[PDB]
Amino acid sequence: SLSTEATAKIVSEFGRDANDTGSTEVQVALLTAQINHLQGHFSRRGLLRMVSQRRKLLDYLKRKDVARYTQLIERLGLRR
């Protein structure tokens, strides 16, 4: 999937620090990078799986903190 370098860069960008892998933001950003990679070749199943998981993570975040959810989806350009 993602290289250790790509993964690290995303954690840095979306997490508190390199150890912040519990962050929903980071998890969503990692999935987004994989989703965008997958569409870049267009495993339609793999794509659905990731979009689905990401949606559920987003739901989790939205329920906890709408403002964090909103900031995250704008930063990732998830509103098309």
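For every residue, the number given is its place in the sequence shown, counted from 1.
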Quick check on the record: how many residues from the deposited sequence are absent from the model between residue 42 and residue 43 (none, 1 to 3, 4 to 9, 10 or more)?
4 to 9
Between 63-71 and 5-13, which has the larger average Cα B-factor in the PDB entry?
5-13
Taking only the CA atoms, which stretch has the higher mean B-factor in the record, 47-55 or 30-38?
30-38
Would you mind ranking residue 21 by its C-alpha B-factor against the rest of the chain and naming the third, lowest, middle or highest?
highest
